[PDB]
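Visitor: My questions all concern the structure below.
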Amino acid sequence: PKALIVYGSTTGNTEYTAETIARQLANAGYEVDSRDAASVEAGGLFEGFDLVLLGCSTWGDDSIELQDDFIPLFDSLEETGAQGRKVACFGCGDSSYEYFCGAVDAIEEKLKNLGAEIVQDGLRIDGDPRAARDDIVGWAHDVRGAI
Ligand SMILES: Cc1cc2nc3c(=O)[nH]c(=O)nc-3n(C[C@H](O)[C@H](O)[C@H](O)COP(=O)(O)O)c2cc1C
C-alpha cells in the first residue's frame, strides 16, 4: 500500500531503524515515502497514507523530552489527520535512564486519544539498533500483518 515514516534522530540510531523498516516494507511490495521530520510540516501531513509510522528518540534524562526535531509535529499532531488513521510507533533509548523511551510512550498516548488506531505496541530499542536489527525486522513485519 502506501506507508509514511516520520522520524526524529539526533545521532542516527532512530534513522537507521526507520530505513530498516522502510526497506523491509518496500521489499514487501509497498509504496513508501520516508521523511526526516525536520522537513515535515504538520498541516494534514498523514492525510492519503494507508499506514503511518511515527517514531521518536528520547532525551532530557530527568524528564521526558522528545527529540528536538520531533517536538513540532508533536505539538501539531492534531493537524495531521490522525483520526481513524492506521498507526504504529517506534523509537530508540537506553534501559538505563528512568523514563526509557517515554517519547514513545507519549506519542502513543496522544494519537490514541486523538482517535488514531494503534495497530501494534511499539518498538522500544535499548542501545545500538544495529545490534537489534532483526528485532525491527520482526516488528516491521508484525505491522504488516496487523492491517
Ligand atoms: C543526555 C542524554 C539523555 C538521554 N535520555 C534518554 C532517555 O530519557 N530515555 C531513553 O530511552 N534514552 C535516552 N538517551 C539515549 C538516547 O535515546 C540514545 O542516544 C538513542 O539511541 C539515540 O537515538 P537517535 O541517534 O535517533 O537520537 C539519552 C542520551 C543522552 C546523551
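Visitor: Take the stretch 87-104 and flag every residue that is touching a residue at least 40 places away in the same chain (Cβ under 8 Å) and within 12 Å of the chain's Cα centre (by Cα). Working first, answer last.
Guide: Restricting attention to the stretch 87-104, the residues satisfying the condition of being touching a residue at least 40 places away in the same chain (Cβ under 8 Å) are 87-88, 90-92, 99-104.
Of everything in the stretch 87-104, those that are touching a residue at least 40 places away in the same chain (Cβ under 8 Å) and within 12 Å of the chain's Cα centre (by Cα) turn out to be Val87, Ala88, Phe90, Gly91, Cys92, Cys101, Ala103, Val104.
Visitor: Shifting gears a bit: Can you report the number of residues in the stretch 83-98 which are within 7 Å of the ligand (Cβ to nearest atom) and surrounded by 18 or more Cβ atoms within 10 Å (Cβ to Cβ)?
Guide: Adding up the residues that qualify gives 2.
Visitor: Quick one: in the stretch 50-68, of everything that is in contact with a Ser or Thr (Cβ under 9 Å, 6 or more places away or on another chain), closer than 26 Å to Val137 by Cβ and outside any strand (DSSP E or B), which residue is nearest to the ligand (Cβ to nearest atom)?
Guide: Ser57
Visitor: Failed condition for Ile71, given (1) without any contact (Cβ under 8 Å) to a residue 12 or more places away in the chain; (2) within 11 Å of the ligand (Cβ to nearest atom); (3) β-branched (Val, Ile, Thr), with all others met?
Guide: (2)
Residue-by-condition table, conditions (1) loosely packed, with under 14 Cβ neighbours inside 10 Å; (2) part of a loop (DSSP other than H, G, I, E, B); (3) away from the ligand (no atom under 16 Å from the Cβ); (4) of a type in the set (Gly, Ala, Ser):
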site: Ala3; (1), (2), (3), (4): no, no, yes, yes
site: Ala18; (1), (2), (3), (4): no, no, no, yes
site: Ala42; (1), (2), (3), (4): no, yes, yes, yes
site: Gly48; (1), (2), (3), (4): yes, yes, yes, yes
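Visitor: Restricting to the stretch 83-112, name every residue that is closer than 19 Å to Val52 by Cβ, in a helix (DSSP H, G or I) and in contact with a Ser or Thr (Cβ under 8 Å, 6 or more places away or on another chain).
Guide: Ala103, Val104
Visitor: I want to confirm something. Restricting to the stretch 52-69 and keeping residues that are surrounded by fewer than 19 Cβ atoms within 10 Å (Cβ to Cβ) and among the hydrophobic types (A, V, I, L, M, F, W, C), which single residue is farthest from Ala22 (Cα to Cα)? Even if it seems obvious, please write down each step before you answer.
Guide: In the first step, residues of the stretch 52-69 are kept if they are surrounded by fewer than 19 Cβ atoms within 10 Å (Cβ to Cβ); the result is 59-65, 68.
With among the hydrophobic types (A, V, I, L, M, F, W, C) added as a condition, the list becomes 59, 64.
Numbers: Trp59: 24, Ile64: 27 Å.
Looking at the filtered set, the residue picked out is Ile64.
Visitor: If you don't mind, another one. Do you know which residues across the stretch 70-82 are touching a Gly at 6+ places or on another chain (Cβ under 9 Å), in a loop (DSSP other than H, G, I, E, B) and surrounded by fewer than 21 Cβ atoms within 10 Å (Cβ to Cβ)?
Guide: If the condition is that a residue be touching a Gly at 6+ places or on another chain (Cβ under 9 Å), in a loop (DSSP other than H, G, I, E, B) and surrounded by fewer than 21 Cβ atoms within 10 Å (Cβ to Cβ), then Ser76, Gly81 are the ones that fit.
A quick yes/no check of all residues on (1) of a type in the set (D, E, K, R); (2) at positive phi:
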| residue | (1), (2) |
| --- | --- |
| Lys2 | yes, no |
| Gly29 | no, yes |
| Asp33 | yes, no |
| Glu47 | yes, no |
| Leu73 | no, yes |
| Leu114 | no, no |
| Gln120 | no, no |
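Visitor: Of the conditions (1) assigned to a strand (DSSP E or B); (2) within 9 Å of the ligand (Cβ to nearest atom), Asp33 satisfies every one except a single condition; which number is it?
Guide: Among (1) assigned to a strand (DSSP E or B); (2) within 9 Å of the ligand (Cβ to nearest atom), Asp33 violates only (2).
Visitor: Moving on. State which residue is farthest from the ligand (Cβ to nearest atom) when the search covers only the stretch 112-128 and only residues that are touching a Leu at 6+ places or on another chain (Cβ under 9 Å) and not aliphatic (A, V, I, L, M).
Guide: As a first pass, look at the stretch 112-128 and keep what is touching a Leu at 6+ places or on another chain (Cβ under 9 Å): 114, 116-119, 122.
From what's left, not aliphatic (A, V, I, L, M): 117, 122.
On the way: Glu117: 25, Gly122: 12 Å.
If we take residues in the stretch 112-128 being touching a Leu at 6+ places or on another chain (Cβ under 9 Å) and not aliphatic (A, V, I, L, M), then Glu117 is farthest from the ligand (Cβ to nearest atom).
Every residue, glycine as well, gets a Cβ built from its backbone with ideal geometry; the counts of neighbours run over all protein chains shown. Values quoted throughout were computed directly from the atomic coordinates according to the rules given, and no laboratory measurement underlies them.
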